[PDB]
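# Descriptive structure summary
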Amino acid sequence: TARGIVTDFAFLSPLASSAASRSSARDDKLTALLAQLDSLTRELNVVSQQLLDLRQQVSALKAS
Amino acid sequence: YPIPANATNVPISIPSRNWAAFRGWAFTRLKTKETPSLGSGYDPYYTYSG
């Protein structure tokens, strides 16, 4: 316990000065996630109807 | 400037000074457990002598 608690706070000492540039670096990167993970999800749900029609392209014609 | 947890993107800090004449630029990377804070002699969290 004597050494375990102490380690976590002190090692962020040179990082202490760059507090302002990171809080705002973060926000805009999360705005970047808003579009980059919208476009990407949209590609998956479309495969939903493409494979559903591909299902009935094969299942109806393999039969005859 | 350290790299905590799962990390990739970090910028530089210091602005206000006169940039006279250089020779080159160099990067490097070391663990915080491997190398202690300089200017003491003995530190509690330095338990890696290798």
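Residues numbered from 1 in each chain as written, not as in the entry; some residues may be left out. Chains lettered and ligands numbered in written order. Part of a larger assembly, values for the part shown. Heavy atoms only, no water.

Further remarks concern the overall build of chain B. Assigned secondary structure in chain B consists of 0 helices and 0 strands. The C-alpha radius of gyration of chain B comes to 15 Å, more than 25% above the 10 Å expected for a compact globule of 50 residues. Principal-axis analysis of the C-alpha atoms places the extent of chain B at approximately 40 × 30 × 20 Å. Put simply, chain B has 50 residues, and 4% of those count as buried. Total accessible area on chain B is roughly 5,300 Å²; 55% of this is exposed by carbon and sulfur atoms. (Helix = DSSP H or I, 4+ residues; strand = E, 2+ residues; numbered from the N terminus. Rg over C-alpha atoms; globule rule 2.2 N^0.38 Å. Buried < 20%, exposed > 50% of the residue type's maximum accessible area, 1.4 Å probe, protein only. Areas by Shrake-Rupley, 256 points an atom, 1.4 Å probe, with all protein chains shown as cover.)

Tracing the backbone shows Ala10(A) in helix α1 (residues 7–10). It is 45 Å that separates the C-alpha atoms of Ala10(A) and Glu43(A), two residues lying 33 residues apart in sequence.

If you check UniProt for "coiled-coil region", the listed places come out as residues 30–57 of chain A in our numbering. End C-alpha to end C-alpha, residues 30–57 of chain A measures 41 Å, and it is 100% helix and 0% strand. (UniProt positions renumbered as here; feature names shortened; annotations may be inferred.)

Next up on the list: the interface of chain A and chain B. On the chain B side, the residues contacting the 10 residues of chain A number 11 residues. A buried area of about 910 Å², summed over both sides, lies between chain A and chain B, and 66% of it is on carbon and sulfur atoms. In terms of surface lost to chain B, no three residues of chain A exceed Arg3(A), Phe11(A) and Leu15(A), which account for 46% of the buried area on that side. Split into classes, the residues belonging to the side of chain A that touches chain B amount to 4 nonpolar, 3 polar and 3 charged. (Contact = heavy atoms within 4.5 Å. Buried area = accessible area lost by both parts, 1.4 Å probe. Nonpolar A, V, L, I, M, F, W, Y, C, P; charged D, E, K, R; others polar.)

Here the focus is the packing of aromatic side chains. All names here are of chain B. Evaluation of the coordinates by the stated rule reveals 1 aromatic pair over all chains. With 5.3 Å between their ring centres and 15° between their planes, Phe22 and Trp25 make a pair best called stacked. According to the relative accessible area criterion, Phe22 is exposed, its value standing at 56%. (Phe/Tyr/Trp six-rings, centres within 6.5 Å; stacked < 30°, edge-to-face > 60°.)

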